[PDB]
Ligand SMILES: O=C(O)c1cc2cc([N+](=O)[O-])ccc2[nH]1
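Here's a solo chain for you in structure tokens, the form deposited without ligand GID.
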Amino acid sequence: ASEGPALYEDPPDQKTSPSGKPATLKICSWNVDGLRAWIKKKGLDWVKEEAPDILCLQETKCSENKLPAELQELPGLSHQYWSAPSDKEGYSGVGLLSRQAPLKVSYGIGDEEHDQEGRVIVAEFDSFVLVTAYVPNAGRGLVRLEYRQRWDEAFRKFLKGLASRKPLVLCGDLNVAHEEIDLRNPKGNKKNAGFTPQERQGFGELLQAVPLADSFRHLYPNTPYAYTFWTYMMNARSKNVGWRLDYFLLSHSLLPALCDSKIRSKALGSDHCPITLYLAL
């Protein structure tokens, strides 16, 4: 192809806020490409080293009634909530695992049409509400793009509702690289899932409407070659031909508490890498 390797070294963890407050909350999000596969690939060992307060997982591909026993070897994340497709099949799926129990856990976005594929978990805490999401892919041939646009609108309105009540943290695989800086090959992907004008625009609408700020891009507005997904094919990860599909979006009110937003480039076990947020809440 046209791309050789493009170097990217995620900056050291900045663990104090702009006002000097140490981070009190570390949240990790990871599209795991199958809970079972990932666990086999030692994903949990990496989680233990990272020691997040909250872990959010996407594409667990796992029935809520078929959770791997290994998930009980996680004492520091003993509160575990799962949402999988209603049809009880093994695809899509999200998880949220927390050191402390949330005040309330909910599933979906309150729209039956969009709530059957196990894509959203809402965990309300004292000072903020956390949402993790696995956003519907636009599909091969963009065959699912029309549905995706419906999803984007419903999701945006739902989140605007949440934020009207409490400061909001949204994380997960949002299945779009927002701008050209967010993927290695913008030119060749504008008609492919993840970089259509429609998807990018939906992301833009999401930021202004809630509103929300892109934590990573806020901190690193001019930083290129920072990605969270690489196709398993074509030796893409080795050449850093990737996409930033995984985000932490924050209510503006939370920006003063933002310490850092990390991309765990070296962490193996999926075709996405983990991302990690430090907040001083």
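Position 1 is the first residue in the sequence shown; the rest follow in order.
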Q) Do a third or more of the other compared PDB entries fail to give coordinates for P211? A) no
Q: Check whether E113 has no coordinates in at least a third of the other compared PDB entries of this protein, counting only entries that model residues on both sides of it.
A: yes
Q. Once you work out the mean C-alpha B-factor for both 34-42 and 235-243 from the entry, which is higher?
A. 34-42
Q | Mean C-alpha B-factor comparison - 8-16 and 21-29, higher one | A | 8-16
Q: Specify which of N175, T132, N189, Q198 carries the largest Cα B factor in the deposited PDB entry.
A: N189
Q) Between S86, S106, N185, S98, where does the Cα B-factor run highest in the record? A) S86
Q: Taking the chain's C-alpha temperature factors as the reference, tell me which third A280 falls into: lowest, middle or highest.
A: middle
(Q) Per the entry's values, where does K266 land by CA temperature factor relative to the rest of its chain, in the lowest, middle or highest third? (A) highest
Q.
How does the C-alpha B factor of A69 compare with the rest of the chain: lowest, middle or highest third?
A. highest
Q | Within-chain third of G202 by Cα B-factor, per the entry | A | middle
**Q.** Assigned third (lowest, middle, highest) for the C-alpha B factor of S253
**A.** middle
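A second form of this protein, the form deposited with ligand GID bound, is not displayed here; the remarks below concern that form.
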**Q.** One stretch from 114-122, 151-159, 95-103, 205-213 that, in the entry with it bound, holds residues within 4.5 Å of ligand GID by heavy atom
**A.** 95-103
(Q) Considering non-hydrogen atoms and a 4.5 Å limit, does ligand GID approach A6 in the entry with it bound? (A) no
(Q) Would you classify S78 as touching ligand GID in the entry with it bound, given a 4.5 Å non-hydrogen atom cut-off? (A) no
Q) At the 4.5 Å heavy atom threshold, is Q14 in contact with ligand GID in the entry with it bound? A) no
Q) Contact between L25 and ligand GID in the entry with it bound at 4.5 Å, heavy atoms? A) yes
Q) ligand GID isn't shown here, but in the entry with it bound which of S86, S164, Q72, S127 has a heavy atom within 4.5 Å of it? A) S127
(Q) Under a 4.5 angstroms heavy atom criterion, identify the one residue in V241, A226, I54, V47 near ligand GID in the entry with it bound. (A) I54
